[PDB]
>>> print(open('input-v1.tsv').read())   # TSV, C-alpha atoms and all ligand atoms
chain	number	residue	atom	x	y	z
A	1	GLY	CA	106.33	-24.85	6.56
A	2	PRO	CA	102.78	-26.31	6.43
A	3	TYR	CA	101.72	-29.64	7.93
A	4	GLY	CA	98.00	-29.73	8.62
A	5	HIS	CA	95.88	-31.16	5.81
A	6	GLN	CA	92.26	-30.35	4.95
A	7	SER	CA	89.85	-30.75	2.04
A	8	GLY	CA	86.87	-28.67	3.12
A	9	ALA	CA	84.79	-30.41	0.46
A	10	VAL	CA	83.58	-33.74	-0.92
A	11	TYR	CA	85.39	-35.19	-3.94
A	12	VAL	CA	83.37	-37.90	-5.69
A	13	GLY	CA	84.86	-39.55	-8.78
A	14	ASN	CA	84.72	-37.13	-11.71
A	15	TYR	CA	82.38	-34.82	-9.79
A	16	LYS	CA	83.38	-32.54	-6.90
A	17	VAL	CA	80.63	-31.08	-4.72
A	18	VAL	CA	81.59	-28.11	-2.54
A	19	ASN	CA	79.85	-25.27	-0.69
A	20	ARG	CA	78.86	-22.35	-2.92
A	21	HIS	CA	80.63	-19.88	-0.63
A	22	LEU	CA	83.62	-22.23	-0.79
A	23	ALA	CA	83.61	-22.93	-4.54
A	24	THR	CA	86.18	-21.23	-6.75
A	25	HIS	CA	85.83	-19.59	-10.17
A	26	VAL	CA	87.14	-22.88	-11.56
A	27	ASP	CA	84.41	-24.88	-9.81
A	28	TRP	CA	81.71	-22.79	-11.43
A	29	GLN	CA	83.62	-22.66	-14.72
A	30	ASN	CA	83.26	-26.43	-15.09
A	31	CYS	CA	80.18	-26.73	-12.87
A	32	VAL	CA	77.52	-29.22	-13.93
A	33	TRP	CA	74.98	-28.61	-11.16
A	34	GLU	CA	74.40	-25.98	-8.45
A	35	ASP	CA	71.60	-25.66	-5.90
A	36	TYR	CA	71.27	-22.21	-4.32
A	37	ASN	CA	68.91	-23.47	-1.62
A	38	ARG	CA	71.55	-26.09	-0.83
A	39	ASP	CA	74.49	-23.72	-1.29
A	40	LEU	CA	76.18	-26.64	-3.04
A	41	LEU	CA	77.46	-27.26	-6.57
A	42	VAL	CA	79.05	-30.06	-8.59
A	43	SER	CA	82.03	-29.57	-10.87
A	44	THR	CA	83.93	-32.05	-13.02
A	45	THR	CA	87.55	-33.06	-12.52
A	46	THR	CA	90.17	-35.28	-14.16
A	47	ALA	CA	91.63	-36.77	-10.98
A	48	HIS	CA	89.51	-39.42	-9.28
A	49	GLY	CA	88.18	-38.54	-5.84
A	50	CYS	CA	88.94	-40.22	-2.52
A	51	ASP	CA	85.54	-40.09	-0.82
A	52	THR	CA	82.46	-42.32	-0.88
A	53	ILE	CA	79.02	-40.82	-0.25
A	54	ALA	CA	76.62	-42.86	1.86
A	55	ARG	CA	73.09	-43.48	0.58
A	56	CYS	CA	71.90	-44.00	4.16
A	57	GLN	CA	69.71	-41.82	6.37
A	58	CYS	CA	71.08	-42.77	9.80
A	59	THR	CA	70.10	-40.21	12.43
A	60	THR	CA	73.53	-40.77	14.00
A	61	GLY	CA	76.83	-39.78	12.41
A	62	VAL	CA	80.17	-38.06	12.95
A	63	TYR	CA	81.09	-34.52	11.96
A	64	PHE	CA	84.49	-32.81	11.83
A	65	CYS	CA	85.27	-29.72	13.91
A	66	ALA	CA	87.81	-26.99	13.15
A	67	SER	CA	88.25	-25.91	16.77
A	68	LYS	CA	88.46	-29.46	18.11
A	69	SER	CA	90.29	-30.60	14.97
A	70	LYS	CA	88.78	-34.02	15.71
A	71	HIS	CA	85.78	-36.11	14.68
A	72	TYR	CA	82.59	-35.72	16.72
A	73	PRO	CA	79.81	-38.37	16.72
A	74	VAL	CA	76.45	-36.61	16.84
A	75	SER	CA	72.79	-37.37	16.14
A	76	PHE	CA	70.94	-35.08	13.74
A	77	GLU	CA	67.80	-34.71	11.65
A	78	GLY	CA	67.41	-34.10	7.93
A	79	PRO	CA	65.08	-31.06	7.77
A	80	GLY	CA	64.13	-29.96	4.27
A	81	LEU	CA	64.05	-26.17	4.42
A	82	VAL	CA	65.97	-24.55	7.28
A	83	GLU	CA	66.24	-20.78	7.65
A	84	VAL	CA	69.93	-20.05	8.19
A	85	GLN	CA	70.64	-17.07	10.44
A	86	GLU	CA	72.94	-14.29	9.22
A	87	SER	CA	76.33	-15.43	10.48
A	88	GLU	CA	79.98	-15.67	9.40
A	89	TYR	CA	79.40	-14.31	5.89
A	90	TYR	CA	75.90	-15.47	4.95
A	91	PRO	CA	72.60	-13.50	5.17
A	92	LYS	CA	69.49	-14.87	6.91
A	93	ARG	CA	68.36	-17.05	4.01
A	94	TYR	CA	66.43	-20.27	3.41
A	95	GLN	CA	68.40	-23.48	2.83
A	96	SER	CA	67.02	-26.78	1.53
A	97	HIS	CA	68.30	-30.27	2.35
A	98	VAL	CA	70.22	-29.40	5.52
A	99	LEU	CA	70.89	-31.62	8.53
A	100	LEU	CA	71.25	-30.13	12.00
A	101	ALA	CA	73.02	-31.61	15.03
A	102	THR	CA	72.77	-30.17	18.54
A	103	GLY	CA	76.06	-30.72	20.37
A	104	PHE	CA	76.63	-30.79	24.12
A	105	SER	CA	78.74	-27.64	24.44
A	106	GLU	CA	79.20	-24.06	23.24
A	107	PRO	CA	82.03	-24.67	20.71
A	108	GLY	CA	81.44	-26.24	17.31
A	109	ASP	CA	80.86	-23.92	14.36
A	110	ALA	CA	82.63	-25.17	11.23
A	111	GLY	CA	84.82	-28.09	10.21
A	112	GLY	CA	84.75	-30.25	7.10
A	113	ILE	CA	82.30	-32.87	5.87
A	114	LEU	CA	79.71	-34.99	7.69
A	115	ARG	CA	80.38	-38.71	7.22
A	116	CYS	CA	78.46	-41.76	8.45
A	117	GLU	CA	79.69	-45.31	9.08
A	118	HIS	CA	78.28	-45.99	5.61
A	119	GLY	CA	79.83	-43.04	3.76
A	120	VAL	CA	79.59	-39.29	3.20
A	121	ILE	CA	76.50	-37.25	4.10
A	122	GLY	CA	77.29	-33.61	3.38
A	123	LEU	CA	79.41	-30.54	4.07
A	124	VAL	CA	79.28	-27.78	6.69
A	125	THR	CA	76.36	-25.56	5.71
A	126	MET	CA	75.22	-23.29	8.56
A	127	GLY	CA	75.40	-23.34	12.34
A	128	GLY	CA	73.35	-22.08	15.26
A	129	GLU	CA	73.86	-21.31	18.94
A	130	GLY	CA	74.51	-25.00	19.54
A	131	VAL	CA	73.58	-26.95	16.42
A	132	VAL	CA	75.44	-28.19	13.34
A	133	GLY	CA	73.98	-27.55	9.89
A	134	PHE	CA	75.17	-29.80	7.06
A	135	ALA	CA	74.26	-29.81	3.37
A	136	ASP	CA	73.40	-33.39	2.43
A	137	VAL	CA	74.73	-34.84	-0.83
A	138	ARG	CA	72.04	-37.54	-0.83
A	139	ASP	CA	70.06	-35.35	-3.25
A	140	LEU	CA	72.74	-35.54	-5.95
A	141	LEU	CA	74.67	-38.79	-5.63
A	142	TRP	CA	75.23	-38.97	-9.40
A	143	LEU	CA	79.02	-39.05	-9.03
A	144	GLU	CA	80.11	-42.53	-7.92
A	145	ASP	CA	78.92	-45.72	-6.20
A	146	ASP	CA	76.41	-45.22	-3.38
A	147	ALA	CA	76.34	-46.91	0.03
A	148	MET	CA	73.49	-49.28	0.89
A	149	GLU	CA	72.26	-51.16	3.96
A	150	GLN	CA	71.39	-54.51	2.38
A	201	ZN	ZN	74.70	-44.53	7.89
>>> encode(input="input-v1.tsv", output="structure tokens")
Amino acid sequence: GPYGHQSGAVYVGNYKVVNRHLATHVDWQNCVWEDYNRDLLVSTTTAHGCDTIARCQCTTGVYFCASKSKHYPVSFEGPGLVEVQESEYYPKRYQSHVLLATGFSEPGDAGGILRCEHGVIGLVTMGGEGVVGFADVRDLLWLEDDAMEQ
């Protein structure tokens, strides 16, 4: 039957951070932290994760695309508060700690998680007419080892 695999979230050790609109009743049931402005929350799990978050701030990284189903290297900025337009299933609200990346085409809306050569940055937050909004996990790394530059 099935074949394609996907996580749609970031599993870190005994803490799993996923998008609020993507979290399940179980995520909130055992949720330790949750930032509305970041639309992200952290829940505890028994099974160790398989992802390593990067503690870097490189302006260049690679994001995953659902349409392309491939990894896309793109440069982005880490704007604090970004007003997300009412799209998909979210109302025009303010989001904190979101990184945006302007692609070079029309496609590119959602995907998975934004990872850098050092580690994991964040998950797909909101998107624009040609930009990629990602919720950085650099504001709540308390989950596992962090990536450094030294
Ligand atoms: Zn990096």
>>> atom_distance(input="input-v1.tsv", atom1="CA of residue 71 (chain A)", atom2="CA of residue 56 (chain A)")
19.1 Å
>>> atom_distance(input="input-v1.tsv", atom1="CA of residue 55 (chain A)", atom2="CA of residue 95 (chain A)")
20.7 Å
>>> closest_residue(input="input-v1.tsv", among="A:113, A:72, A:133, A:23", to="residue 85 (chain A)", atoms="all atoms listed in the file")
A:133
>>> residues_near_ligand(input="input-v1.tsv", ligand="ligand ZN 201 (chain A)", cutoff="9 Å", atoms="all atoms listed in the file", output="NGL selection string")
:A and (54-61 or 115-121 or 147-149)
>>> residues_around(input="input-v1.tsv", residues="residue 36 (chain A)", least_positions_apart="5", cutoff="9 Å", atoms="all atoms listed in the file", output="ChimeraX atom specification")
/A:20,41,95-96
>>> residues_around(input="input-v1.tsv", residues="residue 112 (chain A)", least_positions_apart="4", cutoff="12 Å", atoms="all atoms listed in the file", output="PyMOL selection string")
chain A and resi 5-10+18-19+22+62-72+108+120-126+132-135
>>> closest_residue(input="input-v1.tsv", among="A:17, A:74, A:140, A:81", to="residue 101 (chain A)", atoms="only C-alpha atoms")
A:74
>>> build_atoms(input="input-v1.tsv", residues="region 76-104 of chain A", atoms="N, CA and C atoms", output="CSV table (one decimal), keeping the file's coordinate frame")
chain,number,residue,atom,x,y,z
A,76,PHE,N,71.6,-36.2,14.4
A,76,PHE,CA,70.9,-35.1,13.7
A,76,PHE,C,69.7,-35.5,12.9
A,77,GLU,N,69.0,-34.5,12.5
A,77,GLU,CA,67.8,-34.7,11.6
A,77,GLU,C,68.0,-34.1,10.3
A,78,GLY,N,67.3,-34.6,9.3
A,78,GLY,CA,67.4,-34.1,7.9
A,78,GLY,C,66.3,-33.2,7.5
A,79,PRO,N,66.1,-32.0,8.1
A,79,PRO,CA,65.1,-31.1,7.8
A,79,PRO,C,65.2,-30.5,6.4
A,80,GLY,N,64.1,-30.5,5.6
A,80,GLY,CA,64.1,-30.0,4.3
A,80,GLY,C,64.6,-28.5,4.2
A,81,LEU,N,63.7,-27.6,4.5
A,81,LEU,CA,64.0,-26.2,4.4
A,81,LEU,C,64.3,-25.6,5.8
A,82,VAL,N,65.6,-25.1,6.0
A,82,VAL,CA,66.0,-24.6,7.3
A,82,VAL,C,66.5,-23.1,7.1
A,83,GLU,N,65.9,-22.2,7.8
A,83,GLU,CA,66.2,-20.8,7.6
A,83,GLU,C,67.6,-20.5,8.4
A,84,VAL,N,68.6,-20.3,7.6
A,84,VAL,CA,69.9,-20.0,8.2
A,84,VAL,C,70.1,-18.6,8.6
A,85,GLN,N,70.5,-18.4,9.9
A,85,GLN,CA,70.6,-17.1,10.4
A,85,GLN,C,71.9,-16.4,9.8
A,86,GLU,N,71.8,-15.1,9.8
A,86,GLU,CA,72.9,-14.3,9.2
A,86,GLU,C,74.2,-14.4,10.1
A,87,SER,N,75.1,-15.2,9.7
A,87,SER,CA,76.3,-15.4,10.5
A,87,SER,C,77.5,-15.6,9.6
A,88,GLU,N,78.7,-15.5,10.1
A,88,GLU,CA,80.0,-15.7,9.4
A,88,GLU,C,80.0,-14.7,8.2
A,89,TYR,N,79.4,-15.1,7.1
A,89,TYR,CA,79.4,-14.3,5.9
A,89,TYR,C,78.2,-14.6,5.0
A,90,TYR,N,77.1,-15.1,5.7
A,90,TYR,CA,75.9,-15.5,5.0
A,90,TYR,C,74.7,-14.8,5.6
A,91,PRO,N,73.8,-14.2,4.7
A,91,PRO,CA,72.6,-13.5,5.2
A,91,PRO,C,71.5,-14.5,5.5
A,92,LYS,N,70.6,-14.1,6.5
A,92,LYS,CA,69.5,-14.9,6.9
A,92,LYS,C,68.7,-15.3,5.7
A,93,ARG,N,69.1,-16.5,5.2
A,93,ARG,CA,68.4,-17.0,4.0
A,93,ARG,C,67.8,-18.5,4.3
A,94,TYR,N,67.0,-18.9,3.3
A,94,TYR,CA,66.4,-20.3,3.4
A,94,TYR,C,67.3,-21.3,2.7
A,95,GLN,N,67.6,-22.4,3.4
A,95,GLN,CA,68.4,-23.5,2.8
A,95,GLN,C,67.7,-24.8,2.8
A,96,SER,N,67.7,-25.5,1.7
A,96,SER,CA,67.0,-26.8,1.5
A,96,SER,C,68.0,-28.0,1.6
A,97,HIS,N,67.5,-29.1,2.2
A,97,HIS,CA,68.3,-30.3,2.4
A,97,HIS,C,69.5,-30.1,3.3
A,98,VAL,N,69.2,-29.6,4.5
A,98,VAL,CA,70.2,-29.4,5.5
A,98,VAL,C,70.0,-30.2,6.8
A,99,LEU,N,71.0,-30.8,7.3
A,99,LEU,CA,70.9,-31.6,8.5
A,99,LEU,C,71.5,-30.9,9.7
A,100,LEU,N,70.8,-30.8,10.8
A,100,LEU,CA,71.2,-30.1,12.0
A,100,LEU,C,71.5,-31.1,13.2
A,101,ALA,N,72.6,-30.8,13.9
A,101,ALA,CA,73.0,-31.6,15.0
A,101,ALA,C,73.3,-30.7,16.2
A,102,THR,N,72.6,-30.9,17.3
A,102,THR,CA,72.8,-30.2,18.5
A,102,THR,C,73.8,-30.8,19.4
A,103,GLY,N,75.0,-30.2,19.6
A,103,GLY,CA,76.1,-30.7,20.4
A,103,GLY,C,75.8,-30.7,21.9
A,104,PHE,N,76.8,-30.8,22.7
A,104,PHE,CA,76.6,-30.8,24.1
A,104,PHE,C,77.6,-29.8,24.7
